[PDB]
Each structure stands twice: as structure tokens, then as C-alpha cells.
Asker: 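This structure is in C-alpha cells; I'll ask about it shortly.
A, B, ... follow the sequence lines: proteins, then strands. Residue 1 opens every chain. All ligand and atom numbering here is 1-based and tracks the order in the structure.
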Amino acid sequence: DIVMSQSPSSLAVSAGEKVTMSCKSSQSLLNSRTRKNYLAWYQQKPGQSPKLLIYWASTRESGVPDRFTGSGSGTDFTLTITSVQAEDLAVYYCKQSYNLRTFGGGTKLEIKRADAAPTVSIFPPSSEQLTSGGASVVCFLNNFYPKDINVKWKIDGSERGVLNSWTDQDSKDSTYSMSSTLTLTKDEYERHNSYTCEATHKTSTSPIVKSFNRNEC
Amino acid sequence: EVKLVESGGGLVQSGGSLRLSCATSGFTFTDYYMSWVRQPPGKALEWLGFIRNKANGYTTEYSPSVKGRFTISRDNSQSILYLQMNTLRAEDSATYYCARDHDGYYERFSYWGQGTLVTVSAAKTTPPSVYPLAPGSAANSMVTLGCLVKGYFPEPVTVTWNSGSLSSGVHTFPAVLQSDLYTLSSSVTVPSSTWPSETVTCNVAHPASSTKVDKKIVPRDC
Ligand SMILES: C=CCO[C@]1(C(=O)O)C[C@@H](O[C@@]2(C(=O)O)O[C@H]([C@H](O)CO)[C@H](O)[C@H](O)[C@@H]2O)[C@@H](O)[C@@H]([C@H](O)CO)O1
Ligand SMILES: [Mg+2]
Ligand SMILES: [Zn+2]
């Protein structure tokens with residue numbers, strides 16, 4: 001086979017800086033007849049299909065910003081991004097087409113930005129859910145940076161059936177968001193009053209506390 | 001303009017078969033090789049095979065990984081590409097893409113479809129419960145609302161807000177699997193002068209169960 005390998009697995013760069021990533025083939029990709037390297041670069045943004053960026057190692061596809069440059073030959077190739085933009089968040093794949101086709105494993109590119117505190121919102125169970133015997137309490141912790149965050153649930157002042165989910169980094173502001181869902185039975189829900197989402201993030205030594213009381217609903 | 005549209009993905013049991021389609025338009029179909037590529041959730045792209053153009057006798061080639069088990073064909077009268085998959089296993093669960101390939105000159109995959117998600121599993125299809133997330137009767141310039149999309153199988157689900165007219169300030173959280181069912185949520189943040197003044201509705205679809213739901217976010221009082 002031809003084996004394709006990329007490095008790094010992942011990195012993060014601040015907007016305006018240069019990015020360099022690497023792609024190795026187990027065999028030269030230099031076609032002797034055409035004198036081109038059959039190596040392409042693809043960009044895959046979160047939730048999207050892959051998009052062609054570069055082909056024949058160095059040819060930039062139309063529509064592709066000039067900040068993206070492919071170089072290299074034979075077994076070693078480079079994609080360079082100058083003046084990186086928030087929207088450049090993506091996994092980048094190289095692909096050989098010298099002998100059928102094979103993809104490398106990708107390089108994830110993330111964006112570094114200023115620390116940003118989360119915006120925290122809490123939501124009681126809906127009457128439509130409670131009618132069926134269940135009670136989900138939801139907390140969104142939105143548009144923060146860096147990604148590391150700690151959430152705890154407290155019920156009547158005591159720490160406590162939790163689903164956590166993080167978004168991919170945002171293409172526009174380079175922040176992260178997380179959702180935490182605590183699910184109880186209706187009967188257990190109705191035994192307590194105070195429901196609290198507590199978020200601890202590096203941006204404050206004070207946790208962000210959002211709470212509601214079942215009695216006030 | 002060029003269009004590639006996959007269909008046929010969904011839920012299938014281990015050992016089962018499935019055939020995907022990829023309808024195309026806006027280029028001369030017969031001039032082009034066509035490839036299939038897949039991607040398991042959170043993993044790398046994997047090339048599966050191609051079918052050559054008219055000049056090359058529409059012949060097929062396959063990755064060693066799926067040769068003998070998958071078959072590619074094309075309908076040149078309708079510009080549609082097919083992928084027949086047999087003896088499916090959990091490892092075949094993936095997003096499947098078609099891509100326009102070689103034209104005899106350029107080495108590149110110029111265009112890709114949106115992808116179709118295949119899930120290989122014994123689990124039954126379960127439609128989601130969709131619940132509104134409205135600030136409580138005690139909860140400021142901006143306001144955050146949401147929908148909880150709970151307890152469905154297989155992926156995927158789509159969520160939009162006001163039929164896609166609200167797209168800025170949306171966070172749709174990746175689904176998490178917990179005892180055999182997925183749950184996801186979506187938030188939208190709007191000016192507080194605009195809700196409940198103006199309507200906010202999440203539109204949720206679950207193709208596997210043909211579920212279509214619009215859920216209006218109603219204020220607690222009001
Ligand atoms: C029926 C095929 C013929 O052959 C080729 C040739 O010059 O050998 C190759 C064709 O391209 C492929 C292919 O096998 O279909 O192989 C090339 C490889 O470099 C050999 O040249 C690339 O891997 C390419 O992407 C294809 O995978 C094709 O270029 C063909 C041409 O259309 C002549 O009519 O000639
Ligand atoms: Mg208890
Ligand atoms: Zn052959």
C-alpha cells in the first residue's frame with residue numbers, strides 16, 4: 001500500500017500567526033511521466049464535508065485564500081497557513097492519488113484567543129416532560145475560553161444522571177460551549193427545592209452559580 | 001453549479017446490506033471518475049473505491065479494506081453513483097461521502113456531497129422527545145433559550161431555529177449516547193427585547209423515524 005502520515009496530530013495558533021503542518025508518504029508521489037506530485041490537501045471544518053484546498057502538491061484551488069500554500073516533493077509535503085484566521089479551525093488531510101487513493105490521519109487546527117468567562121444559563125424541567133414522569137434540568141455554559149471547565153450540580157445545597165457535551169470551537173469567536181443535563185425521576189425532582197449549576201473556570205476564582213427553586217416555578 | 005447529493009444512509013443490522021446513492025448535476029458525469037470515502041465519527045477519512053470515466057470503460061477499483069464486500073456502480077443516463085454494501089459490521093458505522101474524482105488530467109477531488117450517516121446496530125429506531133428550554137419564573141440585555149432533544153436512536157437529528165432565520169448565536173451540542181439512546185440540546189441567544197415579544201421556535205427533524213417537530217419557546221408568565 002501507500003501509507004500516509006501527518007504531524008502534528010493537533011496544535012493551536014493565535015489569529016494572525018503562521019501554521020505549518022506536515023505530510024509524509026511511504027513512497028515517492030512524484031509521477032515520472034507527468035513530473036507532478038500526486039498529493040492533495042483538504043480542509044474539513046466542524047460538521048462539514050471536506051473541501052479541496054491544494055493539489056499536485058502546490059496548486060491552490062480557485063476560491064482558496066492566498067494564505068494557504070502547499071509545498072514539498074517526493075515523500076514529504078507541507079501545508080503552510082500565513083496570517084491564520086478564526087475561520088481556519090478545521091482538520092486538514094493530505095491525500096495521495098499516485099496509486100489509487102489514501103488519506104493521512106489529519107491534523108486538527110485550533111485557535112488560541114484571550115481567556116473568556118462562560119455565560120451560564122439554567123433551565124427547569126418542562127411541564128411536557130414532567131407529565132411523562134421524567135425531569136431534566138439543563139445548564140448551558142456558553143462562549144468561554146480555554147476549553148477546560150468544571151461543572152457541578154447541587155441539589156438543596158448538596159453536590160450530586162448527568163450528560164455533558166462540548167461543542168467544537170466556534171469559527172467566529174474561537175470560544176467553546178458546554179451543555180450539562182441532570183436527569184431525575186419526577187418523584188425525586190419533587191423532593192427537593194434548590195437546583196444549582198456551578199461552573200468553575202480559570203477566568204474567576206469565583207464560580208459562576210446559576211440556580212432556580214422549584215417553588216418559584 | 002455543481003451538486004452532489006447522497007441518500008440511503010440510516011440504521012441497518014449487523015450482517016445486513018445497504019445501498020447508498022449519490023445524485024449529481026452541473027458537470028458532464030461521464031467525463032469523471034467518482035469516488036466513495038467514509039469517516040467514522042471523530043476519525044479520519046478513508047478512501048473506499050472509485051469507478052472510472054467513460055474514456056476508461058467505467059471500471060472499478062477498491063481499497064483492500066472493502067474489496068469483495070462493497071460494489072460501486074453508476075447510471076450514466078441519470079448521473080447517479082451507487083455504493084452497495086454487504087455483510088455490514090459495527091466498524092462500517094460512518095458518514096459516507098461521494099466525491100468527484102479524476103477527469104483523466106487533474107489529480108484532485110473537486111467536489112464532495114453532504115454525506116449520509118450509516119449506523120450498524122441491533123437497537124430499534126426511537127424518535128426523540130423534544131422539550132423547550134425557557135428561563136424559569138425567577139431567572140439583562142441578551143436572553144438564552146433552548147431545546148432538549150432527548151432519547152432518540154440512531155443519529156442524526158437536525159435542529160434549526162425559526163426555520164433557519166436564527167442561525168447566529170446558536171450552539172447545537174453534539175449528541176451523547178447513554179444507555180442505548182442519544183440526547184442533544186441546542187441553545188439560541190437573542191436580544192431580550194425580542195422574546196417573548198417575537199416568536200422563537202426550534203425545528204427538529206429525526207429522519208430515521210421521519211419525525212418533524214416545531215417547538216415554540218413560551219415564557220413562564222405572560
Ligand atoms: C484505463 C486506465 C488507463 O491508464 C492511465 C495510465 O496512464 O496508465 C492511468 C489513469 O489514471 C489512474 C487510473 O488507474 O485510473 O492511474 C493514475 C496513475 O498515475 C497511472 O498513471 C492516477 O492514479 C489516476 O488518479 C487514476 O487512478 C488515467 O490517467 C488514464 C488516462 O485517462 C488515459 O486515457 O491513463
Ligand atoms: Mg437524593
Ligand atoms: Zn483495475
Side-chain angles (χ1 to χ4, degrees), chain A residues 1-4 23 25-42 50 52 54-57 59 61 73-75 77 93-104 125 133-137 152-162 182-197 213-214, chain B residues 27-37 45-74 76 81 98-112:
Chain A
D1 58 342
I2 301 182
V3 172
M4 297 307 292
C23 169
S25 50
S26 58
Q27 271 182 45
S28 171
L29 305 186
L30 179 56
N31 187 284
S32 54
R33 202 248 312 166
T34 63
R35 287 139 7 239
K36 302 178 177 291
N37 289 108
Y38 296 176
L39 188 285
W41 289 93
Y42 295 90
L52 176 65
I54 309 286
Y55 60 96
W56 287 327
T59 300
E61 187 51 81
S73 190
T75 61
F77 303 89
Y93 290 100
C94 64
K95 181 212 75 205
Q96 69 83 19
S97 61
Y98 185 95
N99 173 172
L100 305 187
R101 298 85 174 85
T102 298
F103 286 91
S136 299
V137 187
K152 52 245 278 154
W153 286 94
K154 287 186 191 168
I155 296 170
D156 285 338
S158 299
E159 179 170 6
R160 164 125 178 190
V162 179
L182 169 72
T183 304
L184 308 174
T185 72
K186 182 162 64 79
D187 284 350
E188 171 63 21
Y189 181 66
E190 293 182 341
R191 288 172 192 145
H192 304 280
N193 197 221
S194 173
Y195 288 85
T196 294
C197 182
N213 278 357
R214 188 178 47 76
Chain B
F27 65 92
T28 313
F29 189 63
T30 61
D31 283 352
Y32 285 91
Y33 288 39
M34 293 296 295
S35 278
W36 291 89
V37 171
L45 298 169
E46 176 187 18
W47 181 82
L48 296 178
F50 68 36
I51 184 167
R52 294 194 175 85
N53 55 12
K54 193 184 167 196
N56 293 277
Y58 301 124
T59 45
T60 53
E61 305 293 352
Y62 299 93
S63 172
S65 72
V66 304
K67 203 186 160 92
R69 196 163 67 91
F70 292 10
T71 296
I72 294 167
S73 69
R74 63 196 291 155
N76 298 126
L81 174 73
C98 54
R100 204 182 68 176
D101 198 329
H102 203 221
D103 66 346
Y105 317 91
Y106 287 90
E107 286 298 337
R108 64 189 173 182
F109 286 13
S110 291
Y111 292 107
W112 295 65

Asker: Under 4.0 Å from atom 29 (O) of ligand 1, is there at least one protein heavy atom?
Answerer: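 Given the 4.0 Å limit, the answer for atom 29 (O) of ligand 1 is yes, a protein heavy atom qualifies.
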Asker: Identify the residue among A:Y98, A:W56, A:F77 that makes a side chain to side chain contact (heavy atoms under 4.5 Å, CB included) with A:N37.
Answerer: A:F77
Asker: Identify the protein heavy atom lying closest to atom 27 (O) of ligand 1, giving its residue, its atom name and the separation to 0.1 Å.
Answerer: A:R101 NH1, 3.3 Å
Asker: Where the side chain of B:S63 meets the backbone of B:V66, is there a donor-acceptor pair that is under 3.5 Å apart?
Answerer: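 No, because the side chain of B:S63 does not come within donor-acceptor range (under 3.5 Å) of the backbone of B:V66.
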Asker: Considering residues at least two apart in sequence or located in another chain, which fulfil the disulfide (SG to SG under 2.5 Å) criterion with A:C197?
Answerer: none
Asker: Please check if the number of heavy atoms outside B:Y62 that lie under 6.0 Å from its OH is greater than 12.
Answerer: yes
Asker: B:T28 versus B:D103: any side-chain heavy-atom pair under 4.5 Å?
Answerer: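 No, their side chains stay 4.5 Å or more apart.
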Asker: Only heavy atoms of A:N31, strictly under 4.0 Å: list the atoms of ligand 1 that pass.
Answerer: 19 (O)
Asker: Given the ring of B:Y111, does B:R100 sit roughly above its face, with NZ or CZ under 6.0 Å from the centre of the six-membered ring and within 45° of the axis?
Answerer: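 No, B:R100 and B:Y111 do not form such a contact.
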Asker: B:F29 vs B:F27 aromatic rings, parallel, tilted or perpendicular, using cut-offs 30° and 60°?
Answerer: tilted
Asker: Mind checking whether A:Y93 and A:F103 have parallel, tilted or perpendicular rings, split at 30° and 60°?
Answerer: perpendicular
Asker: Could you grab the protein N, O or S atoms closer than 2.8 Å to the Zn ion (ligand 3) for me?
Answerer: B:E61 OE2
Asker: Strictly below 4.0 Å, N to O, side chains only: are B:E107 and A:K36 in salt-bridge contact?
Answerer: no
Asker: Give the contacting part of A:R33 toward ligand 1: side chain, backbone, both or neither, where contact means a heavy-atom distance below 4.0 Å.
Answerer: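 Answer for A:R33: side chain.
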Asker: Return the option from B:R108, B:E61, B:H102, B:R52 holding the heavy atom at the smallest distance from atom 14 (O) of ligand 1.
Answerer: B:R52
Asker: Does the protein place any heavy atom closer than 4.0 Å to atom 5 (C) of ligand 1?
Answerer: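 Under the 4.0 Å cut-off, atom 5 (C) of ligand 1 has no protein heavy-atom neighbours at all.
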Asker: Give me the nearest non-hydrogen protein atom to atom 32 (O) of ligand 1 as residue plus atom name, then the distance to 0.1 Å.
Answerer: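 That would be B:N56 ND2, 3.2 Å.
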Asker: Between A:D156 (side chain) and A:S194 (backbone), is there a donor-acceptor pair under 3.5 Å?
Answerer: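 Yes, because the side chain of A:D156 sits within donor-acceptor range (under 3.5 Å) of the backbone of A:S194.
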Asker: What atoms in ligand 1 come closer than 4.0 Å to a heavy atom of A:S97?
Answerer: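 What qualifies from ligand 1 is 22 (C), 23 (O), 25 (O).
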Asker: Would you mind running through ligand 1 and noting each atom that sits below 4.0 Å from a heavy atom of A:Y98?
Answerer: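 Counting from 1, the qualifying ligand atoms are 18 (C), 19 (O), 23 (O).
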Asker: Would you compute the distance between atom CZ of A:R214 and atom CD of A:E190 and round it to the nearest 0.5 angstrom?
Answerer: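 Those atoms lie 6.0 Å apart.
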Asker: Should B:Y33 be counted as touching ligand 1, given the test is an N or O pair under 3.5 Å?
Answerer: yes
Asker: Ignoring hydrogens, tell whether any protein atom lies closer than 4.0 Å to atom 20 (C) of ligand 1; use the non-hydrogen atoms only.
Answerer: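 No, no protein heavy atom sits under 4.0 Å from atom 20 (C) of ligand 1.
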Asker: For A:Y42, is the NZ or CZ atom of A:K95 found under 6.0 angstrom from the centre of its six-membered ring and inside 45 degrees of the ring axis?
Answerer: no
Asker: Please state which protein non-hydrogen atom is closest to atom 17 (C) of ligand 1 and give its distance, to 0.1 Å?
Answerer: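 Nearest neighbour among protein heavy atoms for atom 17 (C) of ligand 1, to 0.1 Å: B:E107 OE2, 4.4 Å.
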Asker: Should you measure from each heavy atom of B:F50, which atoms of ligand 1 turn up under 4.0 Å away?
Answerer: 27 (O)
Asker: Is the shortest N/O to N/O distance between A:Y38 and ligand 1 below 3.5 Å?
Answerer: no
Asker: Name the orientation class of the two ring planes belonging to A:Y189 and A:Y195 (parallel below 30°, tilted from 30 to 60°, perpendicular beyond 60°).
Answerer: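 The arrangement is tilted - the two ring planes meet at 30° to 60°.
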